[PDB]
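Peer 1: Mind looking over this structure? Questions follow.
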Amino acid sequence: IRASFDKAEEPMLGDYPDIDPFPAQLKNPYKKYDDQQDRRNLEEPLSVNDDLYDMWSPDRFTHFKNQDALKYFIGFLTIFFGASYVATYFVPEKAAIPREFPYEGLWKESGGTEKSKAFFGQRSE
Amino acid sequence: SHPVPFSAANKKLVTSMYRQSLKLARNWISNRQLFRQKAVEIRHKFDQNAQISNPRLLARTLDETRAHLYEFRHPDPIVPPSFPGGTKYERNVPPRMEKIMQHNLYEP
Amino acid sequence: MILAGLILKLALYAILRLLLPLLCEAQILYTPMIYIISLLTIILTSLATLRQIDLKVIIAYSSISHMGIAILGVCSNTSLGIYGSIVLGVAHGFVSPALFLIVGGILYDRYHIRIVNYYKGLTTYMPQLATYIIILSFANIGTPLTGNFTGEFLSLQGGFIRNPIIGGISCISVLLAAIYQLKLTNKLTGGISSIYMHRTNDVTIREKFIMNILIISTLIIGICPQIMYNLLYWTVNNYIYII
Amino acid sequence: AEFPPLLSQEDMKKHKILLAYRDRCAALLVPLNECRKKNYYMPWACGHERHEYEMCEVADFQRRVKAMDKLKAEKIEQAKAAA
Amino acid sequence: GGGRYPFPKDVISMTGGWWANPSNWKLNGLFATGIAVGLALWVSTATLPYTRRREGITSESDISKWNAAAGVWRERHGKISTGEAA
Amino acid sequence: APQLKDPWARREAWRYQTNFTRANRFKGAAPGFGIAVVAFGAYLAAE
Amino acid sequence: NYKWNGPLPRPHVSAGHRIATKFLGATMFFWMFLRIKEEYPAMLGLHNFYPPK
Amino acid sequence: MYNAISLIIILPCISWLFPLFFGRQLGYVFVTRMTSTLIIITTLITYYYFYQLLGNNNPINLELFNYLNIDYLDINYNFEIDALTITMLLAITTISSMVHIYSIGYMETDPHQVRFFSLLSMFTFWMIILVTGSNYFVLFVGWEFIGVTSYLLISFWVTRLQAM
Amino acid sequence: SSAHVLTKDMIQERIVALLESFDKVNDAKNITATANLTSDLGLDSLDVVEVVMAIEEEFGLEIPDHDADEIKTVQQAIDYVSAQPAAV
Amino acid sequence: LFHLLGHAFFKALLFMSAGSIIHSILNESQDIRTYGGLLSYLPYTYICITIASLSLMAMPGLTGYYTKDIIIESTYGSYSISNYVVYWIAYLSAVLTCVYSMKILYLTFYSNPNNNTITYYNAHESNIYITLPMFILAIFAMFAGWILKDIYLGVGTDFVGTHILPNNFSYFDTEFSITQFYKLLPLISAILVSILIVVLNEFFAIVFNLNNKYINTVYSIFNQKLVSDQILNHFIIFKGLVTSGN
Ligand SMILES: CCCCCCCCCCCCCCCCCC(=O)OC[C@H](COP(=O)(O)OCCN)OC(=O)CCCCCCCCCCCCCCCCC
Ligand SMILES: CCCCCCCCCCCC(=O)OC[C@H](COP(=O)(O)OCC[N+](C)(C)C)OC(=O)CCCCCCCCCCC
């Protein structure tokens with residue numbers, strides 16, 4: 001099947017052949033080719049965008065069409081993070097206050113100077 | 001079209017469909033007994049329809065099995081490791097024992 | 001070799017010698033336009049490299065992105081950026097002629113063709129060449145302990161200091177370099193050896209001599225870049241306009 | 001009381017206690033960690049000292065639980081006073 | 001050996017190649033072990049003077065003096081610590 | 001009623017015969033359990 | 001002596017593999033029993049650190 | 001004439017480079033055994049350093065030559081083995097040791113064992129470098145080089161397109 | 001370790017056992033190298049498929065359609081399985 | 001840090017075990033749908049892989065317990081109110097590790113044969129260079145966690161001296177606040193789900209082989225890495241190549 005980027009180059013092919021691209025990954029592996037790894041016979045015409053449809057191109061996935069795949073992917077992410085957000089309203093209350101520290105929140109041991117307590121001071125006591 | 005019910009083309013087509021269904025059953029089903037059960041059931045479904053005569057109902061049934069095979073595809077099929085979709089396929093290929101072809105009159 | 005190594009660096013030297021010492025106020029007003037042009041030159045040229053079919057052409061396109069990073073560095077008004085641009089010039093002048101040797105004097109002298117579709121699996125009969133290709137590729141994309149990384153790092157430091165947004169977006173150079181270089185290296189070194197190519201000799205002592213000189217130099221200036229500072233500790237402060 | 005004497009800032013610094021452990025119960029952490037250094041931190045060594053520090057911290061935890069007890073009771077008091 | 005196939009004998013790699021196991025490898029291994037032990041001894045002995053512990057190298061009186069000098073500098077230049085501008 | 005017999009059953013029979021029965025497919029599991037039970041009993045007796 | 005559809009014989013595993021199997025499993029189960037014996041309250045949640053209410 | 005840190009750093013580099021220099025001269029037998037032995041010695045040294053650090057916990061440092069000192073940017077080749085580092089090194093050295101001894105039996109009948117063992121030790125060396133550095137630059141050195149080594153090791157079977 | 005080699009006699013033994021344990025065969029002592037699957041062994045247009053699948057499973061193979069349909073004699077199957085280096 | 005150190009040992013053991021399994025098959029196959037009943041054939045590999053899988057399932061005494069249960073507990077002990085949900089997320093991943101290890105163990109060792117017969121005739125344990133590493137790593141994956149516990153997870157250890165903010169230290173609260181339900185549900189869940197998966201696969205295997213289109217589509221998304229390698233390759237890499245050609 002010719003895609004957008006393939007049939008956009010129709011006004012520019014001129015005398016070059018307009019070839020229907022079919023990726024080599026999906027070609028039949030059990031036939032015998034001159035280049036068995038690349039799945040190509042010698043004088044086989046190459047599409048203008050053969051770089052995209054050769055075996056060194058990125059992998060195709062046949063089981064799910066790509067739009068449905070995006071539906072499932074973004075659906076999983078939305079289910080996860082939406083349930084994560086909803087579950088925050090159903091959280092129990094804590095049973096103990098946070099820890100507290102002796103010398104006015106250790107503002108000196110954390111780098112304070114008696115005006116920097118709000119920045120470096122830890123919890124009250 | 002003209003899908004003859006008792007020709008060689010129909011033989012190839014239906015044998016291929018039977019192979020595909022049995023391989024899908026092997027791939028989907030982990031247990032051996034259930035796989036054999038499903039294979040026998042598939043053979044029963046094929047033997048029920050081995051007697052069809054009308055090419056229209058035949059073509060409908062063939063389209064139906066195509067849809068069933070597309071519906072029960074497997075994403076990660078079992079392939080032996082040394083065969084094209086396998087883990088070992090092009091692992092250590094013996095190199096072609098070619099001789100050196102020279103390109104310069106002076107450089108080895 | 002001469003072009004990519006020296007004539008492209010004449011422009012960097014020309015900036016530093018003709019345009020910064022004179023014209024300081026025009027430069028300090030214009031340099032955001034320089035940053036526009038440099039970021040475009042980086043990203044679009046790298047992506048354009050990703051769809052080329054000729055090897056020497058790929059290396060040629062690769063020169064442009066690194067010179068754009070050097071321009072970010074030299075037009076940064078930061079000492080580290082100037083030093084980085086100069087180290088980039090030197091290290092690219094070492095590494096890019098080595099790649100040009102591989103793709104225009106080793107392979108082109110054996111096969112007289114440069115189309116990528118013919119080349120595959122050089123590792124089997126030509127292993128030393130494959131080692132050289134991998135080394136020079138990972139040097140060209142900016143692996144540490146090569147001067148390419150030092151220069152890229154300091155040029156991008158300067159660009160970030162001057163314009164954090166542009167200088168930060170320009171750090172996808174580190175990725176795109178890897179893409180367009182390793183997509184070629186992986187095919188050349190990888191797979192079964194091509195059916196369109198007969199076997200030929202591996203690299204000779206001469207080719208290896210050249211590549212080894214050019215690798216030793218970049219590894220020296222990547223492991224200790226500081227050895228170039230005794231001729232540049234004035235130059236890194238002579239062209240800085242800060243009151 | 002259940003808590004040991006609070007260390008002074010100068011001895012906290014002398015023993016180089018991490019600030020997360022510079023609490024009321026740090027006086028029992030010192031011998032534990034010196035014993036650990038002495039016995040190479042193995043688990044069969046410093047049981048008594050570890051138990052002492054752990055029970056001191058359990059006491060602090062019970063105290064904080066009672067603080068949150070008081071806070072919840074106060075908020076319910078304020079609630080039924082607000083209606 | 002087992003599982004082996006033909007390979008070109010005129011291919012020369014710095015690594016072995018195909019099942020490299022020359023019939024002098026004990027002598028060459030002796031040489032390589034000698035060079036390795038010597039290089040390791042050289043590196044260790046020569047890098048002894050460049051080693052140090054983290055602690056106990058600088059007296060805390062030096063640290064006190066340096067921090068005090070820092071405070072002197074900071075109030076000479078009229079500077080306040082972080083957070084005090086509130 | 002929904003019952004049919006396998007024409008490959010004589011080929012598939014060895015997958016449930018000796019060393020593949022429901023017994024033999026679990027005998028080697030927990031190999032040294034009894035030795036451990038005995039040794040731990042001795043240990044607790046040596047308290 | 002290959003029965004291509006028949007009941008396959010018992011495997012001829014070596015003695016060192018039979019002895020090392022019963023040594024690791026024995027060590028594993030013994031270690032598990034001992035750690036459970038000396039840490040059942042902590043791993044089961046029997047110590048209650050909360051105050052008496 | 002004993003440096004835990006320097007032995008730890010240099011012995012894996014030997015195990016990496018000496019096969020690459022001398023593989024056609026040594027063969028896969030000696031290369032396997034030598035790389036194994038060197039990683040084993042590094043592992044024992046790390047265990048002893050871990051013992052000593054639990055005893056004392058004063059980390060050793062190793063301050064070598066200067067990379068870049070231009071304008072306010074002082075980067076040196078400085079290394080250190082602290083608590084976090086020695087833990088990561090326990091993991092690294094132990095698993096590399098066991099993997100080296102494991103791949104003698106696994107990768108027998110492979111024609112390219114020398115390169116395989118060289119690359120395993122390459123990864124070991126650069127991970128030691130990653131963890132021992134006292135600055136982010138040495139970390140990045142190790143980072144990038146372990147990426148390189150991962151590429152080469154995943155690409156070990158170069159004839160397999162999917163591996164590439 | 002993996003000290004195992006295949007031979008034509010071994011393939012023949014395994015295939016004749018495979019066919020002997022198939023219930024839809026006519027009966028035994030029709031099974032030889034020269035035997036035909038359709039005529040002599042009396043197999044349908046899908047029991048041949050079941051046999052080819054069983055051969056795949058036995059020798060660890062994958063037999064495409066263009067190589068499956070052209071198996072109509074037992075010797076043909078033996079030839080085919082011996083012409084595959086990964087026949088286990 | 002502690003879980004990193006333990007994971008190294010028992011995961012390297014798992015992969016070594018898998019390599020020995022892969023080499024026990026004549027055709028070195030990696031699919032668990034083609035292994036079957038290799039228990040009596042590969043007993044040493046079995047005990048090593050189950051040691052590692054139990055020290056990954058967080059069973060008592062082993063390194064997985066000490067290294068992994070404390071994180072699921074610190075999810076609850078964290079001072080932040082919102083981290084309670086992460087308890088349940090981590091819990092489900094735990095009761096899933098039980099699943100995807102017991103699946104391996106059953107399909108590889110306990111199940112009925114699925115390979116041909118010659119595979120089991122030639123199935124054998126591998127040589128000393130493979131087994132000795134597996135032995136040492138099993139010893140590690142049994143003992144090292146209990147050894148290094150008081151170094152890494154102890155009360156006030158000071159060994160790894162990362163300067164945690166005092167407001168953020170939640171370990172003392174984590175070990176004490178945790179009640180019986182939130183302390184025992186991970187372990188009991190593991191010990192139950194393992195038995196259930198084995199029992200279902202052995203007696204009620206139809207539960208996993210229903211042949212439903214709506215179950216199979218979900219299996220297929222989860223079998224294709226949550227269509228994650230199709231989204232990247234199509235919508236990023238391929239569109240990048242197209243924009244690059246443009
Ligand atoms: C479009 C303009 C983009 C400009 C900005 C740059 C964006 C990122 C770069 C994308 C550019 C396109 C790259 C195209 C290169 C493709 C080259 C190639 O042919 O290599 C293919 C290779 C995969 O080979 P594969 O088919 O998968 O085989 C698998 C079997 N082993 O493929 C690869 O190796 C892929 C390498 C690239 C990886 C990109 C990963 C991006 C994912 C982002 C996820 C989001 C994470 C959160 C980030 C937060 C940021 C704030
Ligand atoms: C840091 C500065 C550089 C360090 C020195 C590196 C050069 C030493 C000589 C290596 C010889 C060699 O690797 O040979 C090259 C190998 C030969 O493979 P083979 O094992 O001999 O079998 C021969 C079987 N063929 C012929 C079928 C392949 O070809 C390759 O597979 C390509 C991978 C290159 C490995 C690169 C080595 C790691 C260096 C990476 C640093 C960035």
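Chain identifiers are assigned as A, B, and so on, following the order in which chains appear in the structure tokens; residues are numbered from 1 within each chain, and ligands are numbered from 1 in order of appearance.
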Counting only C-alpha atoms and all ligand atoms, what residues are within 6 Å of ligand 2, given as a ChimeraX atom specification?

Peer 2: /C:123-125,127-128,130-131,135 /E:13-18 /H:20,112,114-115

Peer 1: With N, CA and C atoms retained, write the just-selected residues as a tab-separated table (two decimals), in the first residue's frame.

Peer 2:
chain	number	residue	atom	x	y	z
C	123	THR	N	32.58	-7.01	8.35
C	123	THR	CA	33.28	-7.55	9.50
C	123	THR	C	33.89	-8.92	9.22
C	124	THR	N	33.34	-9.66	8.25
C	124	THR	CA	33.74	-11.04	8.05
C	124	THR	C	35.10	-11.15	7.37
C	125	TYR	N	35.27	-10.48	6.23
C	125	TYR	CA	36.53	-10.48	5.51
C	125	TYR	C	37.40	-9.28	5.85
C	127	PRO	N	37.92	-7.32	9.00
C	127	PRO	CA	37.70	-7.06	10.43
C	127	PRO	C	38.43	-5.86	11.01
C	128	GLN	N	39.69	-5.66	10.60
C	128	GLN	CA	40.43	-4.49	11.05
C	128	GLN	C	39.71	-3.21	10.64
C	130	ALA	N	36.56	-2.92	10.25
C	130	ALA	CA	35.38	-2.81	11.09
C	130	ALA	C	35.73	-2.23	12.45
C	131	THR	N	36.85	-2.66	13.02
C	131	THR	CA	37.33	-2.08	14.26
C	131	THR	C	37.58	-0.58	14.10
C	135	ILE	N	35.57	2.47	16.05
C	135	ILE	CA	36.30	3.45	16.84
C	135	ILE	C	36.02	4.86	16.35
E	13	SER	N	42.87	-11.02	12.34
E	13	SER	CA	42.33	-10.08	13.31
E	13	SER	C	43.28	-9.98	14.49
E	14	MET	N	43.21	-8.84	15.19
E	14	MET	CA	44.00	-8.69	16.40
E	14	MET	C	43.50	-9.63	17.48
E	15	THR	N	42.20	-9.87	17.51
E	15	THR	CA	41.66	-10.99	18.26
E	15	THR	C	41.98	-12.28	17.50
E	16	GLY	N	41.49	-13.40	18.02
E	16	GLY	CA	41.85	-14.68	17.46
E	16	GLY	C	41.46	-14.87	16.01
E	17	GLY	N	40.16	-14.80	15.74
E	17	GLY	CA	39.61	-15.15	14.45
E	17	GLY	C	38.54	-16.21	14.62
E	18	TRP	N	38.78	-17.39	14.08
E	18	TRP	CA	37.90	-18.54	14.22
E	18	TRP	C	38.63	-19.62	15.00
H	20	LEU	N	42.73	-8.15	23.44
H	20	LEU	CA	42.69	-7.42	22.18
H	20	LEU	C	44.07	-7.27	21.56
H	112	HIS	N	34.45	-17.14	18.46
H	112	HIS	CA	34.88	-15.79	18.82
H	112	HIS	C	34.83	-15.57	20.32
H	114	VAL	N	37.42	-15.02	22.33
H	114	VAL	CA	38.39	-14.04	22.78
H	114	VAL	C	37.75	-12.66	22.86
H	115	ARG	N	37.07	-12.26	21.79
H	115	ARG	CA	36.39	-10.97	21.77
H	115	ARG	C	35.29	-10.91	22.82

Peer 1: May I have the residues within 7 Å of ligand 1, computed using only C-alpha atoms and all ligand atoms, as a list in words?

Peer 2: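 Protein and nucleic-acid residues within 7 Å of ligand 1: residues 56, 57, 58 and 59 of chain A; 172, 176, 179 and 183 of chain C; 162 and 163 of chain H; 232, 233, 236, 237, 238, 239, 240, 241 and 243 of chain J.
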
Peer 1: Among the residues of chain F, find those DSSP assigns to alpha helix (DSSP H) from the backbone and print them as a compact mmCIF listing (two decimals) with N, CA and C atoms, in the first residue's frame.

Peer 2:
# COMPACT_ATOMS: atom_id res chain seq x y z
N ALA F 9 -3.60 -40.85 19.77
CA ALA F 9 -3.49 -41.09 21.20
C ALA F 9 -2.35 -42.05 21.52
N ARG F 10 -2.12 -43.04 20.65
CA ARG F 10 -1.02 -43.96 20.86
C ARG F 10 0.33 -43.27 20.70
N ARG F 11 0.36 -42.13 20.02
CA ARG F 11 1.56 -41.31 19.95
C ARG F 11 1.69 -40.38 21.13
N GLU F 12 0.56 -39.92 21.67
CA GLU F 12 0.54 -38.99 22.79
C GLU F 12 0.52 -39.69 24.14
N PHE F 33 14.09 -31.95 51.52
CA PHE F 33 13.19 -31.50 52.58
C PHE F 33 13.32 -32.35 53.83
N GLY F 34 13.36 -33.67 53.67
CA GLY F 34 13.40 -34.55 54.83
C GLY F 34 14.69 -34.42 55.61
N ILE F 35 15.81 -34.27 54.90
CA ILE F 35 17.10 -34.06 55.56
C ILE F 35 17.06 -32.79 56.39
N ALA F 36 16.45 -31.74 55.84
CA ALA F 36 16.35 -30.48 56.57
C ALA F 36 15.45 -30.60 57.79
N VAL F 37 14.32 -31.30 57.65
CA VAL F 37 13.43 -31.52 58.79
C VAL F 37 14.17 -32.25 59.90
N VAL F 38 14.88 -33.32 59.55
CA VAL F 38 15.61 -34.11 60.54
C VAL F 38 16.68 -33.25 61.21
N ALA F 39 17.46 -32.52 60.40
CA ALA F 39 18.56 -31.74 60.95
C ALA F 39 18.04 -30.61 61.83
N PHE F 40 16.91 -30.01 61.47
CA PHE F 40 16.34 -28.95 62.29
C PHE F 40 15.75 -29.49 63.58
N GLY F 41 15.17 -30.69 63.53
CA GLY F 41 14.74 -31.33 64.77
C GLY F 41 15.91 -31.59 65.70
N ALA F 42 17.03 -32.07 65.14
CA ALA F 42 18.23 -32.27 65.95
C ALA F 42 18.73 -30.95 66.52
N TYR F 43 18.68 -29.89 65.71
CA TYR F 43 19.12 -28.58 66.15
C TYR F 43 18.30 -28.10 67.34
N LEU F 44 16.98 -28.19 67.23
CA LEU F 44 16.12 -27.76 68.33
C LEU F 44 16.29 -28.65 69.55
N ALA F 45 16.58 -29.94 69.35
CA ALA F 45 16.91 -30.79 70.48
C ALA F 45 18.23 -30.39 71.12

Peer 1: Give me the residues near residue 95 of chain A as an NGL selection string, where near means some atom within 10 Å (using only C-alpha atoms) and where sequence neighbours in that chain fewer than 2 positions away do not count.

Peer 2: (:A and (92-93 or 97-98)) or (:D and (61-62 or 64-69 or 72)) or (:G and (50)) or (:J and (173 or 177))

Peer 1: Once you have the residues from the selection above, write them out as a PDB file, in the first residue's frame, restricted to N, CA and C atoms.

Peer 2:
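New file part-v1.pdb:
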ATOM      1  N   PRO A  92      -6.626   6.115  54.207  1.00  0.00           N
ATOM      2  CA  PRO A  92      -6.828   6.251  55.650  1.00  0.00           C
ATOM      3  C   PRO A  92      -6.013   7.390  56.233  1.00  0.00           C
ATOM      4  N   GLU A  93      -6.432   7.819  57.415  1.00  0.00           N
ATOM      5  CA  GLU A  93      -5.687   8.811  58.169  1.00  0.00           C
ATOM      6  C   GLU A  93      -4.500   8.156  58.862  1.00  0.00           C
ATOM      7  N   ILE A  97       1.894  11.311  64.455  1.00  0.00           N
ATOM      8  CA  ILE A  97       2.367  12.562  63.877  1.00  0.00           C
ATOM      9  C   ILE A  97       3.769  12.312  63.337  1.00  0.00           C
ATOM     10  N   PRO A  98       4.275  13.141  62.428  1.00  0.00           N
ATOM     11  CA  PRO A  98       5.666  12.994  62.005  1.00  0.00           C
ATOM     12  C   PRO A  98       6.626  13.187  63.166  1.00  0.00           C
TER      13      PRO A  98
ATOM     14  N   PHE D  61       7.513   6.672  69.348  1.00  0.00           N
ATOM     15  CA  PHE D  61       6.402   6.416  68.435  1.00  0.00           C
ATOM     16  C   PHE D  61       5.072   6.390  69.175  1.00  0.00           C
ATOM     17  N   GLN D  62       5.041   5.770  70.353  1.00  0.00           N
ATOM     18  CA  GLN D  62       3.822   5.765  71.152  1.00  0.00           C
ATOM     19  C   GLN D  62       3.433   7.182  71.555  1.00  0.00           C
ATOM     20  N   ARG D  64       4.048   9.934  69.867  1.00  0.00           N
ATOM     21  CA  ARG D  64       3.491  10.618  68.704  1.00  0.00           C
ATOM     22  C   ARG D  64       2.103  10.091  68.349  1.00  0.00           C
ATOM     23  N   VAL D  65       1.851   8.805  68.600  1.00  0.00           N
ATOM     24  CA  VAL D  65       0.508   8.265  68.411  1.00  0.00           C
ATOM     25  C   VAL D  65      -0.469   8.940  69.360  1.00  0.00           C
ATOM     26  N   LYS D  66      -0.049   9.168  70.605  1.00  0.00           N
ATOM     27  CA  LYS D  66      -0.928   9.849  71.550  1.00  0.00           C
ATOM     28  C   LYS D  66      -1.131  11.311  71.164  1.00  0.00           C
ATOM     29  N   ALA D  67      -0.123  11.928  70.549  1.00  0.00           N
ATOM     30  CA  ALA D  67      -0.307  13.277  70.026  1.00  0.00           C
ATOM     31  C   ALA D  67      -1.385  13.307  68.950  1.00  0.00           C
ATOM     32  N   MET D  68      -1.365  12.334  68.037  1.00  0.00           N
ATOM     33  CA  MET D  68      -2.388  12.317  66.992  1.00  0.00           C
ATOM     34  C   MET D  68      -3.755  11.932  67.549  1.00  0.00           C
ATOM     35  N   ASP D  69      -3.790  11.094  68.588  1.00  0.00           N
ATOM     36  CA  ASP D  69      -5.021  10.872  69.344  1.00  0.00           C
ATOM     37  C   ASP D  69      -5.624  12.198  69.782  1.00  0.00           C
ATOM     38  N   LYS D  72      -6.984  14.318  66.770  1.00  0.00           N
ATOM     39  CA  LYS D  72      -8.267  13.870  66.240  1.00  0.00           C
ATOM     40  C   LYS D  72      -9.406  14.209  67.194  1.00  0.00           C
TER      41      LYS D  72
ATOM     42  N   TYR G  50       2.098  -0.215  68.992  1.00  0.00           N
ATOM     43  CA  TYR G  50       1.141   0.805  69.368  1.00  0.00           C
ATOM     44  C   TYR G  50       0.941   0.790  70.884  1.00  0.00           C
TER      45      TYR G  50
ATOM     46  N   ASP J 173       9.089   4.959  61.696  1.00  0.00           N
ATOM     47  CA  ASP J 173       7.648   4.824  61.570  1.00  0.00           C
ATOM     48  C   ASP J 173       7.281   3.609  60.735  1.00  0.00           C
ATOM     49  N   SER J 177       4.591   1.431  62.704  1.00  0.00           N
ATOM     50  CA  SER J 177       3.219   1.729  62.313  1.00  0.00           C
ATOM     51  C   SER J 177       2.560   0.565  61.592  1.00  0.00           C
TER      52      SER J 177
END

Peer 1: Find the residues in chain C near chain H: any atom within 7 Å counts, using only C-alpha atoms. Write them as JSON, numbers by chain.

Peer 2: {"C": [79, 80, 143, 144, 186, 190, 191, 192, 223, 224, 225, 226]}

Peer 1: Write to file, as a compact mmCIF listing (two decimals), in the first residue's frame, the residues of the selection just made, with N, CA and C atoms.

Peer 2:
# COMPACT_ATOMS: atom_id res chain seq x y z
N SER C 79 34.71 31.82 27.99
CA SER C 79 36.03 31.24 27.78
C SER C 79 35.95 29.74 27.50
N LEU C 80 35.14 29.02 28.27
CA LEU C 80 34.99 27.59 28.06
C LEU C 80 34.44 27.30 26.67
N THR C 143 32.08 10.37 22.07
CA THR C 143 32.32 9.52 23.22
C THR C 143 33.44 10.14 24.07
N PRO C 144 33.34 10.10 25.40
CA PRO C 144 34.41 10.66 26.22
C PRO C 144 35.75 10.00 25.96
N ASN C 186 26.24 0.22 11.79
CA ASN C 186 25.57 -1.05 12.07
C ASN C 186 25.36 -1.84 10.80
N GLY C 190 27.63 -4.96 10.11
CA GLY C 190 26.66 -5.95 10.53
C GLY C 190 26.09 -6.76 9.39
N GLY C 191 25.66 -7.97 9.73
CA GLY C 191 25.00 -8.84 8.80
C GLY C 191 25.95 -9.76 8.07
N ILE C 192 25.38 -10.41 7.08
CA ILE C 192 26.12 -11.30 6.19
C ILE C 192 26.76 -10.46 5.10
N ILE C 223 41.95 12.61 26.41
CA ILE C 223 42.34 12.13 27.73
C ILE C 223 42.96 13.25 28.55
N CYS C 224 43.70 14.15 27.91
CA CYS C 224 44.21 15.36 28.55
C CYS C 224 44.07 16.53 27.59
N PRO C 225 42.88 17.13 27.51
CA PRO C 225 42.73 18.34 26.69
C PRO C 225 43.59 19.49 27.14
N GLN C 226 44.00 19.51 28.41
CA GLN C 226 44.69 20.65 28.99
C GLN C 226 46.02 20.95 28.31

Peer 1: Within 6 Å of chain F, which residues of chain J show up when using only C-alpha atoms, listed as a list in words?

Peer 2: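 My answer is residues 110, 112 and 113 of chain J.
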
Peer 1: Can those selected residues be exported to a file as a tab-separated table (two decimals), in the first residue's frame so that it contains N, CA, C and O atoms?

Peer 2:
chain	number	residue	atom	x	y	z
J	110	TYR	N	7.36	-29.07	35.84
J	110	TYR	CA	6.30	-29.89	36.40
J	110	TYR	C	5.33	-30.40	35.36
J	110	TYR	O	4.67	-31.42	35.58
J	112	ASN	N	3.42	-31.70	31.78
J	112	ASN	CA	3.57	-32.85	30.92
J	112	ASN	C	4.46	-32.47	29.74
J	112	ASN	O	4.58	-31.30	29.39
J	113	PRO	N	5.12	-33.45	29.12
J	113	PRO	CA	6.02	-33.12	28.00
J	113	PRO	C	5.29	-32.47	26.84
J	113	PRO	O	4.15	-32.80	26.53

Peer 1: Distance cut-off 6 Å, counting only C-alpha atoms - which residues of chain C neighbour chain J? Return them as an MDAnalysis selection string.

Peer 2: chainID C and resid 47:48 51

Peer 1: Would you kindly return, as an NGL selection string, each protein, DNA or RNA residue with an atom no farther than 12 Å from any atom of residue 83 of chain I, considering only C-alpha atoms and excluding same-chain residues fewer than 6 positions away?

Peer 2: :I and (6-8 or 11 or 59 or 61 or 63 or 67 or 76-77)

Peer 1: Output as a list in words all residues of chain H that backbone DSSP marks as strand (DSSP E).

Peer 2: residues 60, 61, 62, 63, 64, 65, 66, 67, 68, 69, 74, 75, 76, 77, 78, 79, 80 and 81 of chain H

Peer 1: Hey, which bits of chain B sit within 10 Å of chain H, and for each residue what's the closest pair of atoms and how far apart in Å (one decimal), counting only C-alpha atoms, rows by chain and increasing number, as JSON lines?

Peer 2:
{"residue": "B:85", "atom": "CA", "partner": "H:162", "partner_atom": "CA", "distance": 9.8}
{"residue": "B:87", "atom": "CA", "partner": "H:162", "partner_atom": "CA", "distance": 9.3}
{"residue": "B:88", "atom": "CA", "partner": "H:160", "partner_atom": "CA", "distance": 8.4}
{"residue": "B:89", "atom": "CA", "partner": "H:160", "partner_atom": "CA", "distance": 7.3}
{"residue": "B:90", "atom": "CA", "partner": "H:160", "partner_atom": "CA", "distance": 4.6}
{"residue": "B:91", "atom": "CA", "partner": "H:160", "partner_atom": "CA", "distance": 5.3}
{"residue": "B:92", "atom": "CA", "partner": "H:159", "partner_atom": "CA", "distance": 6.4}
{"residue": "B:93", "atom": "CA", "partner": "H:159", "partner_atom": "CA", "distance": 6.5}
{"residue": "B:94", "atom": "CA", "partner": "H:159", "partner_atom": "CA", "distance": 9.6}
{"residue": "B:95", "atom": "CA", "partner": "H:159", "partner_atom": "CA", "distance": 9.8}

Peer 1: With a distance cut-off of 6 Å and only C-alpha atoms, select the neighbouring residues of segment 34-50 of chain D, excluding the residue or stretch itself and same-chain residues fewer than 4 positions from it, and output the selection as a PyMOL selection string.

Peer 2: (chain D and resi 54) or (chain H and resi 54-55) or (chain J and resi 150-151)

Peer 1: Select all residues from chain B having any atom no more than 12 Å from an atom of chain J (counting only C-alpha atoms, ignoring ligands), output as a PyMOL selection string.

Peer 2: chain B and resi 24-38+68-83+86-89
